[PDB]
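Novice: My questions all concern the structure below.
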Amino acid sequence: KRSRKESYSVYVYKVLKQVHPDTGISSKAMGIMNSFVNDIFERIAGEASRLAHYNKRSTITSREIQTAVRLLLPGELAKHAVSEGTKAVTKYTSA
Amino acid sequence: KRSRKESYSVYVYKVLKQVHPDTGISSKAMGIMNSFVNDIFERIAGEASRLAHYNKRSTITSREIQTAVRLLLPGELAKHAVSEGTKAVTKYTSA
Amino acid sequence: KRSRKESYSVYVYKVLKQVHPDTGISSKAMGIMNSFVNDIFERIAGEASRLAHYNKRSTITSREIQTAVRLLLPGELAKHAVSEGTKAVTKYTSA
Amino acid sequence: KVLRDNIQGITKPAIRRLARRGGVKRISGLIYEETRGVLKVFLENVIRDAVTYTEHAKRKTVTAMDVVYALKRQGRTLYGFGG
Amino acid sequence: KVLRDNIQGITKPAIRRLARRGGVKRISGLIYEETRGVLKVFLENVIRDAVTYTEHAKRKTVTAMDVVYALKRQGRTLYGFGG
Amino acid sequence: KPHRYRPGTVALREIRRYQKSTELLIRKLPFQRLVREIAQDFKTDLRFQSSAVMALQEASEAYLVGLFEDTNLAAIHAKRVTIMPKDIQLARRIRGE
Amino acid sequence: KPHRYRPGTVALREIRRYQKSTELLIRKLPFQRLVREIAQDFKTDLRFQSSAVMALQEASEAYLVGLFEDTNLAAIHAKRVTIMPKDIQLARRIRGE
Amino acid sequence: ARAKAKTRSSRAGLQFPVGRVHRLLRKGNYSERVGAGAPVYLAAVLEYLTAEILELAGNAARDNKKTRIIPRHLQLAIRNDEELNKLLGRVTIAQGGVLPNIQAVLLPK
Amino acid sequence: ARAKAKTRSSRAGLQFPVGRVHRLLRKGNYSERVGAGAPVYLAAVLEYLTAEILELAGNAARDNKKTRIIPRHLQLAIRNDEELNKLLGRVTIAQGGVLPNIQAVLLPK
Amino acid sequence: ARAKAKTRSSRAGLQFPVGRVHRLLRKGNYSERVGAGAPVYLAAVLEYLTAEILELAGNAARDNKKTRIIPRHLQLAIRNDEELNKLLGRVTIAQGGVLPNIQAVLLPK
DNA sequence: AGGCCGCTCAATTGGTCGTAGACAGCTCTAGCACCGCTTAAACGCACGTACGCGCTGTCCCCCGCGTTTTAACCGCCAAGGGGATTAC
DNA sequence: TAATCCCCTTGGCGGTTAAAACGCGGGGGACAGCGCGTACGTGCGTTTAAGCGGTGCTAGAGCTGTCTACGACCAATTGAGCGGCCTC
């Protein structure tokens with residue numbers, strides 16, 4: 001075999017079947033979405049690191065992440081992302 | 001009772017008097033110079049972290065930093081910075 | 001059985017490989033380099049001797065040689081020479 | 001203590017002065033309110049970021065470091081304010 | 001061994017079709033060579049960084065992933081070749 | 001007769017006079033009032049370091065200046081000297097605004 | 001009489017079609033040879049993945065189409081339908097290049 | 001005597017790998033400690049954006065009567081959401097084409 | 001009993017602190033481990049860069065018959081060099097103004 | 001027993017032999033006593049000028065597609081610099097040739 | 001207000017140490033480069049068809065300019081407390 | 001996170017022209033209608049290297065044991081470097 005390389009194919013596919021059970025996907029689009037999730041991951045991670053230095057915080061928490069989302073992500077996308085992440089962190093806090 | 005805030009004032013004053021003994025300075029010019037040194041330091045340091053991640057290097061060495069010099073610093077300044085940097089690492093290894 | 005003859009070989013080789021790591025050397029060009037080194041050395045040394053006489057100074061320091069550089073070499077390379085010489089005496093006194 | 005019309009506090013001759021610094025000779029009558037609007041949008045973006053910084057810093061006084069970071073995030077990095 | 005002219009290989013009808021994709025209805029005859037020059041400049045800028053990556057990688061065969069790194073450096077991030 | 005310069009002469013005198021100038025071209029107090037005004041909409045009772053107000057002033061002034069070299073490059077491109085706000089919107093939208 | 005379209009008609013049809021279509025409009029192999037001959041201008045005898053050549057390609061055409069959109073913006077700002085290189089140099093200056 | 005090793009994504013009720021995101025942040029050099037809700041919140045944001053993009057892509061594929069996600073559909077979906085557009089202004093999609101954008105001055109009378 | 005304190009900046013012979021640049025790089029969360037040539041090379045590069053900044057400032061001040069650097073001199077120094085302009089295209093300077101720059105169309109005749 | 005020695009060339013961090021230049025100064029009959037900054041200053045000046053002319057030799061060689069220096073390149077480098085011509089106006093170079101220099105009246109039409 | 005000079009402070013680093021990072025070596029193997037094969041896509045090219053661009057004279061009008069007025073800006077002053085910071 | 005303090009900001013106030021505000025004779029600016037040289041989209045045949053599909057292969061891509069250079073870290077100690085100052 002070869003070395004296992006991490007991709008986001010299966011999570012994109014699960015989320016796709018959440019939002020569109022009926023459709024297929026091209027592997028080119030899968031790679032584009034892998035590039036998307038990695039790129040936005042690096043954007044938000046770097047911005048959270050920026051604010052961690054700005055607030056002199058040795059730890060990046062969900063407060064920092066929410067701040068970075070409110071910075072980068074615009075408007076209604078930002079506030080529904082706040083709603084989604086808040087709901088998710090309440091469910092995970094309640095396990 | 002007060003707390004110390006570090007700045008690059010004495011070093012820029014040193015090299016200014018090294019290159020121009022007769023030339024004065026204003027403090028807000030030093031504010032711009034401090035902004036300069038922190039800005040370019042963070043640019044090159046972020047590029048060096050990028051190169052460390054890309055080549056899977058957990059260590060940012062002289063090769064990473066000169067690579068970042070060839071990337072962000074353009075043209076003639078890059079080859080000079082190569083020249084005195086090579087001179088500097090050479091005389092440091094002799095030190 | 002032979003006797004050693006000194007030249008300025010390896011030092012010019014070092015600084016050429018500092019400014020041009022990939023550039024080769026023809027040997028009679030190197031003879032012109034040695035003759036140039038001795039020529040300019042003797043010019044500046046005689047200039048130091050005449051300045052030492054005129055100031056009635058029996059010791060020739062960096063001030064005499066700086067004066068000699070100011071006299072023989074016109075302008076731009078002379079002030080450059082003052083620049084590395086000042087940096088060199090600065091770093092030598094620091095060493 | 002509410003303020004209502006201080007976008008006009010950035011005066012018409014101030015706009016003329018800035019365009020003279022910008023090297024604009026002749027300025028139409030339509031220009032000034034458009035400049036007011038675009039500077040309003042730009043300031044709103046910058047201080048939105050600054051307010052986000054300040055609430056994330058749990059502070060009340062707006063500091064110039066937040067201004068510096070906000071301008072950095074808009075690709076408008078400023079030298080000369082303790083950066 | 002060496003090649004001297006393949007910027008001509010970015011042909012004029014290719015430029016014409018791209019300007020149709022770029023929305024240009026009429027293209028000067030002066031456009032093609034200066035577009036070749038400016039894309040020449042941009043490709044030199046990209047590949048110079050790519051080469052810098054390449055011998056920073058100790059490799060001799062150029063990969064797409066360093067091309068992605070260089071384009072993301074130059075503010076022209078592309079989706080579809082990372083990883 | 002009173003001395004009267006031709007239209008554009010005093011304009012060019014202003015051009016040279018404000019390129020050689022380095023000082024701020026905005027009154028300080030209404031700019032501070034405006035930033036307090038706009039920021040009160042986003043968060044109540046906001047207080048401002050006067051240095052931060054001056055930083056906002058200088059950054060805004062230079063941002064509008066850079067917008068104006070973009071504008072008059074578009075204007076000389078459009079063969080006009082009386083800039084009109086479509087020039088600014090062109091500069092913004094080509095810039096990506 | 002053989003059929004002939006008025007000027008701009010085939011141009012507009014091409015505009016519609018390559019806005020509809022997504023494929024590359026430049027030949028891949030002269031592009032590849034250009035990549036290699038400019039590579040040897042920096043470092044000789046480099047080898048290139050075909051994936052690297054293609055990623056460089058859609059980077060190139062995307063950059064080009066961005067410049068031509070800005071060029072169209074400048075040209076209609078210059079009240080024109082035909083672009084001349086002053087449009088492209090102007091937009092290049094506006095992008096800060 | 002350990003209980004069931006449950007997945008943190010399903011603990012968040014989510015699909016995105018919490019372990020992968022948290023590990024990448026621990027290895028991405030942003031902060032040596034990462035708050036516990038930080039990768040869960042981040043992955044929730046990622047899944048929300050991913051879900052809405054995939055929904056737009058499926059709707060655009062249905063619009064052009066296709067049943068498979070296409071990079072053309074990605075271009076036509078993301079570039080037609082203005083907050084996604086200004087979120088991704090300098091982002092290139094490979095083989096996505098361009099938006100159909102003809103200027104009104106270019107159209108005939 | 002102990003070696004003499006002779007700093008690594010003096011080992012580089014350069015006024016920029018090797019120690020301070022190294023600790024800012026290590027604290028800057030770029031890598032937990034930093035090669036030895038990296039901070040000395042960076043300090044050499046920065047001191048060189050600030051050096052030509054200082055000759056450009058010095059002859060700009062000498063042109064305007066003042067011995068002291070004003071940020072107007074910094075404006076004239078930065079904006080009149082093409083590689084520094086390429087370094088600082090998006091960088092804003094406090095109280096620098098602009099270049100003396102008038103288009104040829106604005107002049108009479 | 002003894003401190004391990006560095007060359008004073010290494011103490012300057014310059015490649016020219018400080019010991020050799022100093023002994024050739026002291027034995028050249030210019031002064032019986034020589035200040036410490038004199039030979040190191042002289043050697044720094046000399047190393048700079050040789051480095052500058054070697055840079056000219058290297059890029060002139062690269063212009064002629066030759067990897068190695070030739071005194072034709074040295075002739076071109078000295079004769080095309082004003083200040084080095086002022087340094088070496090009366091100086092003859094072995095096998096160097098001259099500048100390509102044709103007067104305007106010598107050229108046809 | 002630069003700068004300078006006496007005061008403090010944390011910072012910087014050497015000797016050693018313990019651990020992992022990646023460099024070099026090395027094999028392997030799979031796609032890059034190379035090479036010879038067929039094909040209609042590319043292509044570019046001269047051609048006569050329709051249209052682009054910016055310009056003279058004019059036309060209409062639009063701020064730039066030149067002082068006057070004016071009210072609030074600016075610079076100064078005395079008062080309150082907010083919050084920012086800093087050791088715990 | 002409770003304190004807190006002190007210092008830095010915020011509202012108030014007694015005048016000031018600097019700054020804003022204003023209306024007017026005025027030259028300049030913007031710019032379409034339309035003649036006019038003209039600069040290039042367009043039908044469509046042709047060439048040839050581009051496209052296609054086809055092969056032996058090895059230079060390097062990538063993988064795998066090594067091992068030593070390689071650099072971070074703790075009690076300590078310093079010499080530089082900064083919080084102050086004042087004054088020329």
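Numbering starts fresh at 1 for the residues of each chain in the structure tokens, the chains themselves are lettered A, B, ... in the order given, and ligands are numbered from 1 as they appear.
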What does chain D look like once superposed on chain E, all Cα atoms paired in sequence order, least squares? Give it as a compact mmCIF listing (two decimals) with N, CA, C and O atoms, in the first residue's frame.
Specialist:
```
# COMPACT_ATOMS: atom_id res chain seq x y z
N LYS D 1 18.11 21.72 -26.81
CA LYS D 1 16.98 21.63 -25.89
C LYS D 1 16.67 22.97 -25.24
O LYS D 1 15.79 23.07 -24.38
N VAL D 2 17.42 24.00 -25.64
CA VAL D 2 17.09 25.36 -25.22
C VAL D 2 15.85 25.83 -25.99
O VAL D 2 15.60 25.43 -27.13
N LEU D 3 15.04 26.64 -25.32
CA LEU D 3 13.81 27.18 -25.91
C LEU D 3 13.90 28.70 -25.90
O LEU D 3 14.45 29.29 -24.97
N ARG D 4 13.37 29.32 -26.95
CA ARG D 4 13.67 30.72 -27.21
C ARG D 4 12.43 31.60 -27.33
O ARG D 4 12.42 32.71 -26.80
N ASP D 5 11.39 31.14 -28.02
CA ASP D 5 10.29 32.01 -28.43
C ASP D 5 8.94 31.36 -28.16
O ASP D 5 8.03 31.39 -28.98
N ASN D 6 8.79 30.76 -26.98
CA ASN D 6 7.55 30.10 -26.64
C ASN D 6 6.56 31.02 -25.94
O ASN D 6 5.47 30.57 -25.57
N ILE D 7 6.92 32.29 -25.72
CA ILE D 7 5.92 33.27 -25.32
C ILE D 7 4.94 33.51 -26.46
O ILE D 7 3.75 33.77 -26.23
N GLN D 8 5.41 33.39 -27.70
CA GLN D 8 4.52 33.36 -28.85
C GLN D 8 3.81 32.03 -28.99
O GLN D 8 2.85 31.93 -29.77
N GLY D 9 4.24 31.00 -28.25
CA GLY D 9 3.50 29.76 -28.18
C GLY D 9 2.15 29.91 -27.51
O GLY D 9 1.26 29.08 -27.74
N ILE D 10 1.98 30.94 -26.70
CA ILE D 10 0.66 31.35 -26.22
C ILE D 10 0.05 32.18 -27.35
O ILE D 10 0.38 33.35 -27.51
N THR D 11 -0.83 31.56 -28.13
CA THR D 11 -1.17 32.10 -29.43
C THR D 11 -2.10 33.31 -29.32
O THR D 11 -2.76 33.54 -28.30
N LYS D 12 -2.10 34.11 -30.38
CA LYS D 12 -3.06 35.19 -30.57
C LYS D 12 -4.52 34.75 -30.45
O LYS D 12 -5.27 35.41 -29.71
N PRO D 13 -5.00 33.66 -31.11
CA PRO D 13 -6.38 33.24 -30.85
C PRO D 13 -6.62 32.76 -29.43
O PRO D 13 -7.75 32.87 -28.94
N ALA D 14 -5.59 32.25 -28.74
CA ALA D 14 -5.74 31.92 -27.32
C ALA D 14 -6.00 33.17 -26.50
O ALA D 14 -6.82 33.15 -25.57
N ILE D 15 -5.32 34.27 -26.84
CA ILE D 15 -5.56 35.56 -26.20
C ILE D 15 -6.98 36.03 -26.47
O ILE D 15 -7.68 36.53 -25.57
N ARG D 16 -7.44 35.87 -27.72
CA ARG D 16 -8.82 36.22 -28.05
C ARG D 16 -9.82 35.39 -27.25
O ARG D 16 -10.78 35.94 -26.71
N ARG D 17 -9.56 34.09 -27.13
CA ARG D 17 -10.43 33.20 -26.36
C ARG D 17 -10.51 33.62 -24.90
O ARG D 17 -11.59 33.64 -24.30
N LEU D 18 -9.36 33.96 -24.32
CA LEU D 18 -9.34 34.40 -22.93
C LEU D 18 -10.10 35.70 -22.74
O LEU D 18 -10.82 35.87 -21.74
N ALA D 19 -9.96 36.64 -23.68
CA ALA D 19 -10.72 37.88 -23.56
C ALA D 19 -12.21 37.66 -23.77
O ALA D 19 -13.03 38.43 -23.24
N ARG D 20 -12.58 36.63 -24.54
CA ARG D 20 -14.00 36.28 -24.63
C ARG D 20 -14.49 35.69 -23.32
O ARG D 20 -15.63 35.94 -22.90
N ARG D 21 -13.65 34.88 -22.65
CA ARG D 21 -13.96 34.47 -21.29
C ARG D 21 -13.96 35.67 -20.35
O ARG D 21 -14.78 35.73 -19.42
N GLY D 22 -13.08 36.63 -20.59
CA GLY D 22 -13.07 37.86 -19.82
C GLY D 22 -14.14 38.86 -20.21
O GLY D 22 -14.25 39.90 -19.56
N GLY D 23 -14.91 38.56 -21.24
CA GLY D 23 -15.99 39.44 -21.64
C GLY D 23 -15.56 40.67 -22.40
O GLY D 23 -16.26 41.69 -22.36
N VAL D 24 -14.43 40.62 -23.09
CA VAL D 24 -13.98 41.73 -23.91
C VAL D 24 -14.47 41.53 -25.34
O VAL D 24 -14.20 40.49 -25.95
N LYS D 25 -15.19 42.52 -25.87
CA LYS D 25 -15.69 42.40 -27.23
C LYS D 25 -14.59 42.73 -28.24
O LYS D 25 -14.18 41.87 -29.03
N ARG D 26 -14.10 43.97 -28.22
CA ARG D 26 -13.18 44.45 -29.24
C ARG D 26 -11.81 44.65 -28.61
O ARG D 26 -11.69 45.22 -27.52
N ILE D 27 -10.79 44.17 -29.31
CA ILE D 27 -9.45 44.05 -28.76
C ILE D 27 -8.52 44.79 -29.71
O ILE D 27 -8.50 44.49 -30.91
N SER D 28 -7.75 45.74 -29.18
CA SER D 28 -6.83 46.46 -30.05
C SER D 28 -5.66 45.57 -30.46
O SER D 28 -5.40 44.52 -29.87
N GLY D 29 -4.95 46.02 -31.49
CA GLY D 29 -3.78 45.29 -31.96
C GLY D 29 -2.62 45.38 -31.00
O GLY D 29 -1.75 44.50 -30.99
N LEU D 30 -2.59 46.42 -30.18
CA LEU D 30 -1.53 46.61 -29.20
C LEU D 30 -1.66 45.69 -28.00
O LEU D 30 -0.73 45.61 -27.19
N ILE D 31 -2.79 44.99 -27.88
CA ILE D 31 -3.14 44.30 -26.64
C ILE D 31 -2.26 43.08 -26.42
O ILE D 31 -1.71 42.88 -25.33
N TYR D 32 -2.08 42.27 -27.47
CA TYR D 32 -1.62 40.89 -27.34
C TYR D 32 -0.21 40.79 -26.78
O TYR D 32 0.05 39.98 -25.88
N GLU D 33 0.70 41.63 -27.27
CA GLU D 33 2.06 41.62 -26.75
C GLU D 33 2.13 42.15 -25.32
O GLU D 33 2.95 41.68 -24.53
N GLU D 34 1.26 43.10 -24.97
CA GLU D 34 1.22 43.59 -23.59
C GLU D 34 0.72 42.51 -22.65
O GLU D 34 1.23 42.37 -21.53
N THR D 35 -0.29 41.75 -23.08
CA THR D 35 -0.75 40.61 -22.30
C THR D 35 0.35 39.58 -22.15
O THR D 35 0.53 39.02 -21.07
N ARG D 36 1.10 39.33 -23.23
CA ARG D 36 2.22 38.40 -23.18
C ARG D 36 3.26 38.85 -22.17
O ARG D 36 3.76 38.05 -21.37
N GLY D 37 3.57 40.15 -22.16
CA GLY D 37 4.54 40.67 -21.21
C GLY D 37 4.08 40.59 -19.77
O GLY D 37 4.84 40.20 -18.88
N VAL D 38 2.82 40.95 -19.51
CA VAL D 38 2.35 40.95 -18.13
C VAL D 38 2.17 39.52 -17.62
O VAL D 38 2.46 39.24 -16.44
N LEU D 39 1.75 38.59 -18.48
CA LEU D 39 1.69 37.20 -18.05
C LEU D 39 3.09 36.65 -17.86
O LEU D 39 3.30 35.83 -16.97
N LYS D 40 4.05 37.09 -18.67
CA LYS D 40 5.44 36.69 -18.48
C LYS D 40 5.94 37.13 -17.12
O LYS D 40 6.56 36.35 -16.40
N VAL D 41 5.66 38.38 -16.74
CA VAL D 41 6.09 38.89 -15.44
C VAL D 41 5.42 38.12 -14.31
O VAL D 41 6.08 37.72 -13.34
N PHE D 42 4.12 37.87 -14.44
CA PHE D 42 3.37 37.16 -13.41
C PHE D 42 3.88 35.74 -13.24
O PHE D 42 4.13 35.28 -12.11
N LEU D 43 4.07 35.03 -14.35
CA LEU D 43 4.63 33.68 -14.31
C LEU D 43 6.03 33.68 -13.75
O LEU D 43 6.39 32.78 -12.99
N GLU D 44 6.85 34.68 -14.11
CA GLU D 44 8.21 34.76 -13.59
C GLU D 44 8.20 34.90 -12.08
O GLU D 44 8.98 34.24 -11.39
N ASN D 45 7.29 35.71 -11.55
CA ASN D 45 7.16 35.85 -10.11
C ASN D 45 6.75 34.53 -9.46
O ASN D 45 7.38 34.06 -8.50
N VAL D 46 5.72 33.89 -10.02
CA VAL D 46 5.17 32.67 -9.43
C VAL D 46 6.20 31.55 -9.46
O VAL D 46 6.45 30.88 -8.45
N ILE D 47 6.86 31.35 -10.60
CA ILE D 47 7.79 30.24 -10.67
C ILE D 47 9.11 30.61 -10.03
O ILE D 47 9.88 29.71 -9.71
N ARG D 48 9.40 31.89 -9.84
CA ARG D 48 10.54 32.26 -9.01
C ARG D 48 10.33 31.78 -7.59
O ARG D 48 11.22 31.17 -6.98
N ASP D 49 9.12 32.00 -7.08
CA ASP D 49 8.76 31.47 -5.77
C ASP D 49 8.78 29.94 -5.78
O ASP D 49 9.25 29.32 -4.82
N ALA D 50 8.30 29.34 -6.86
CA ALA D 50 8.25 27.88 -6.94
C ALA D 50 9.65 27.28 -7.01
O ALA D 50 9.91 26.24 -6.39
N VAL D 51 10.55 27.91 -7.76
CA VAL D 51 11.93 27.48 -7.83
C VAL D 51 12.60 27.63 -6.48
O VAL D 51 13.36 26.75 -6.06
N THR D 52 12.30 28.72 -5.78
CA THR D 52 12.82 28.92 -4.43
C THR D 52 12.35 27.81 -3.50
O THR D 52 13.14 27.27 -2.72
N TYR D 53 11.08 27.43 -3.62
CA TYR D 53 10.54 26.32 -2.85
C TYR D 53 11.25 25.02 -3.20
O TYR D 53 11.62 24.25 -2.31
N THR D 54 11.46 24.78 -4.49
CA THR D 54 11.99 23.50 -4.95
C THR D 54 13.45 23.32 -4.55
O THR D 54 13.85 22.24 -4.12
N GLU D 55 14.25 24.38 -4.69
CA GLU D 55 15.63 24.31 -4.22
C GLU D 55 15.69 24.24 -2.71
O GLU D 55 16.59 23.59 -2.16
N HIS D 56 14.75 24.88 -2.01
CA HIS D 56 14.73 24.75 -0.57
C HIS D 56 14.22 23.38 -0.16
O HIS D 56 14.57 22.88 0.92
N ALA D 57 13.42 22.74 -1.02
CA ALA D 57 13.03 21.35 -0.83
C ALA D 57 14.06 20.37 -1.37
O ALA D 57 13.85 19.16 -1.24
N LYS D 58 15.14 20.88 -1.97
CA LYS D 58 16.22 20.07 -2.55
C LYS D 58 15.71 19.11 -3.61
O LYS D 58 16.21 17.99 -3.76
N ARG D 59 14.70 19.53 -4.37
CA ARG D 59 14.08 18.71 -5.39
C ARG D 59 14.46 19.22 -6.77
O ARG D 59 15.08 20.27 -6.92
N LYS D 60 14.07 18.45 -7.78
CA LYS D 60 14.26 18.85 -9.16
C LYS D 60 12.96 18.97 -9.94
O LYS D 60 12.88 19.80 -10.86
N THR D 61 11.94 18.19 -9.60
CA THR D 61 10.67 18.24 -10.30
C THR D 61 9.79 19.31 -9.67
O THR D 61 9.58 19.32 -8.46
N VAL D 62 9.27 20.20 -10.51
CA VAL D 62 8.37 21.24 -10.03
C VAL D 62 7.01 20.62 -9.72
O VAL D 62 6.39 19.99 -10.57
N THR D 63 6.55 20.82 -8.49
CA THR D 63 5.29 20.26 -8.02
C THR D 63 4.24 21.35 -7.90
O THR D 63 4.55 22.53 -7.72
N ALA D 64 2.97 20.94 -8.01
CA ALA D 64 1.86 21.88 -7.99
C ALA D 64 1.60 22.46 -6.61
O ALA D 64 0.94 23.49 -6.50
N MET D 65 2.08 21.80 -5.55
CA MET D 65 1.95 22.35 -4.21
C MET D 65 2.75 23.64 -4.08
O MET D 65 2.31 24.60 -3.44
N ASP D 66 3.94 23.67 -4.69
CA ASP D 66 4.74 24.88 -4.73
C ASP D 66 4.02 25.98 -5.51
O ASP D 66 4.08 27.16 -5.13
N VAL D 67 3.34 25.60 -6.59
CA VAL D 67 2.50 26.54 -7.34
C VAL D 67 1.41 27.11 -6.44
O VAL D 67 1.14 28.32 -6.45
N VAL D 68 0.79 26.24 -5.64
CA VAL D 68 -0.28 26.65 -4.73
C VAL D 68 0.25 27.65 -3.71
O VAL D 68 -0.36 28.71 -3.48
N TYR D 69 1.41 27.36 -3.13
CA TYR D 69 1.95 28.23 -2.09
C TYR D 69 2.40 29.56 -2.69
O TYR D 69 2.22 30.62 -2.07
N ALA D 70 2.97 29.52 -3.90
CA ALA D 70 3.39 30.74 -4.58
C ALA D 70 2.20 31.63 -4.90
O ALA D 70 2.26 32.86 -4.72
N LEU D 71 1.11 31.04 -5.37
CA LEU D 71 -0.10 31.81 -5.64
C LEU D 71 -0.73 32.33 -4.36
O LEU D 71 -1.34 33.41 -4.37
N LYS D 72 -0.60 31.58 -3.27
CA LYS D 72 -1.02 32.08 -1.97
C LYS D 72 -0.23 33.31 -1.57
O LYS D 72 -0.79 34.27 -1.03
N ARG D 73 1.08 33.31 -1.84
CA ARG D 73 1.91 34.43 -1.44
C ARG D 73 1.66 35.67 -2.30
O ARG D 73 2.02 36.77 -1.88
N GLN D 74 1.08 35.50 -3.48
CA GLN D 74 0.72 36.63 -4.33
C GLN D 74 -0.74 37.02 -4.18
O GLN D 74 -1.23 37.84 -4.96
N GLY D 75 -1.43 36.46 -3.19
CA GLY D 75 -2.84 36.74 -2.99
C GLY D 75 -3.71 36.23 -4.11
O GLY D 75 -4.73 36.85 -4.43
N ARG D 76 -3.33 35.11 -4.71
CA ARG D 76 -4.03 34.53 -5.85
C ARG D 76 -4.28 33.05 -5.61
O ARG D 76 -4.02 32.21 -6.47
N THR D 77 -4.80 32.74 -4.43
CA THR D 77 -4.94 31.36 -3.98
C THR D 77 -5.88 30.56 -4.88
O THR D 77 -6.98 31.01 -5.21
N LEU D 78 -5.43 29.38 -5.28
CA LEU D 78 -6.13 28.51 -6.22
C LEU D 78 -6.69 27.30 -5.50
O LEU D 78 -5.99 26.67 -4.68
N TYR D 79 -7.93 26.96 -5.80
CA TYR D 79 -8.55 25.75 -5.29
C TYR D 79 -8.51 24.67 -6.37
O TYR D 79 -8.67 24.95 -7.56
N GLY D 80 -8.30 23.44 -5.94
CA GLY D 80 -8.45 22.29 -6.80
C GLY D 80 -7.19 21.56 -7.23
O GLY D 80 -7.23 20.87 -8.26
N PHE D 81 -6.09 21.69 -6.50
CA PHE D 81 -4.87 20.96 -6.84
C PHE D 81 -4.25 20.36 -5.59
O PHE D 81 -3.06 20.51 -5.32
N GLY D 82 -5.06 19.66 -4.80
CA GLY D 82 -4.57 18.99 -3.63
C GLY D 82 -4.31 19.88 -2.44
O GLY D 82 -3.71 19.43 -1.47
N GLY D 83 -4.74 21.14 -2.50
CA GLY D 83 -4.57 22.05 -1.39
C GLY D 83 -5.46 21.70 -0.21
O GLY D 83 -5.22 22.15 0.90
```
Novice: So which residues touch region 35-38 of chain H within 9 Å, counting only C-alpha atoms (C1' of nucleotides), skipping near sequence neighbours fewer than 5 positions away, as a PyMOL selection string?
Specialist: (chain A and resi 59-66+85+89+92-93) or (chain H and resi 22+43)
Novice: Go ahead and dump the residues you just picked, C-alpha atoms, as a CSV table (one decimal), in the first residue's frame.
Specialist:
```csv
chain,number,residue,atom,x,y,z
A,59,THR,CA,-4.8,29.4,24.9
A,60,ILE,CA,-7.2,29.9,22.0
A,61,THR,CA,-10.7,29.2,23.2
A,62,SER,CA,-14.1,29.3,21.5
A,63,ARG,CA,-14.3,33.0,22.5
A,64,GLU,CA,-11.2,33.6,20.3
A,65,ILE,CA,-12.7,31.5,17.5
A,66,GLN,CA,-16.0,33.3,17.7
A,85,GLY,CA,-21.5,26.7,17.0
A,89,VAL,CA,-20.9,23.6,22.0
A,92,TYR,CA,-21.0,18.9,23.5
A,93,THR,CA,-20.9,20.6,26.9
H,22,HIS,CA,-8.0,19.7,17.5
H,43,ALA,CA,-15.7,22.6,13.1
```
Novice: Counting only C-alpha atoms (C1' of nucleotides), which residues in chain L sit no more than 8 Å from chain E? For each one, give the nearest pair of atoms and the distance in Å, sorted by chain then residue number, as CSV.
Specialist:
```
residue,atom,partner,partner_atom,distance
L:39,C1',E:28,CA,7.6
L:40,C1',E:28,CA,6.9
L:41,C1',E:26,CA,7.2
L:60,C1',E:60,CA,7.0
```
Novice: Can you list, as a VMD selection string, every protein, DNA or RNA residue that comes within 10 Å of residue 72 (chain L) when you count only C-alpha atoms (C1' of nucleotides), leaving out same-chain residues fewer than 3 positions away?
Specialist: chain I and resid 26 32 to 34
Novice: Could you turn the residues from that selection into a file that holds C-alpha atoms, as a tab-separated table (two decimals), in the first residue's frame?
Specialist:
```
chain	number	residue	atom	x	y	z
I	26	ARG	CA	10.30	31.38	19.69
I	32	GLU	CA	8.89	25.30	18.77
I	33	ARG	CA	12.45	24.79	17.51
I	34	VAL	CA	14.39	27.39	15.50
```
Novice: For the contact check between chain B and chain J, emit one row per residue of chain B within 10 Å, containing the shortest atom pair and the distance in Å rounded to one decimal, counting only C-alpha atoms, chain then rising number order, as a tab-separated table.
Specialist:
```
residue	atom	partner	partner_atom	distance
B:87	CA	J:13	CA	8.5
B:88	CA	J:13	CA	9.0
B:90	CA	J:13	CA	8.7
B:91	CA	J:13	CA	5.8
B:92	CA	J:13	CA	9.2
B:94	CA	J:10	CA	7.4
B:95	CA	J:10	CA	8.6
```
Novice: What residues in chain I lie within 9 Å of chain F, counting only C-alpha atoms, written as an MDAnalysis selection string?
Specialist: chainID I and resid 71:72 92:103 105:108
Novice: Using only C-alpha atoms (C1' of nucleotides), can you tell me which of K:56, K:29, K:67, K:19 comes closest to chain F?
Specialist: K:67
Novice: Please identify all polymer residues within 9 Å of residue 53 (chain G), counting only C-alpha atoms (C1' of nucleotides), omitting same-chain residues fewer than 2 positions from it, and present them as a list in words.
Specialist: residues 63 and 64 of chain E; 28, 31, 32, 35, 48, 49, 50, 51, 55, 56 and 57 of chain G
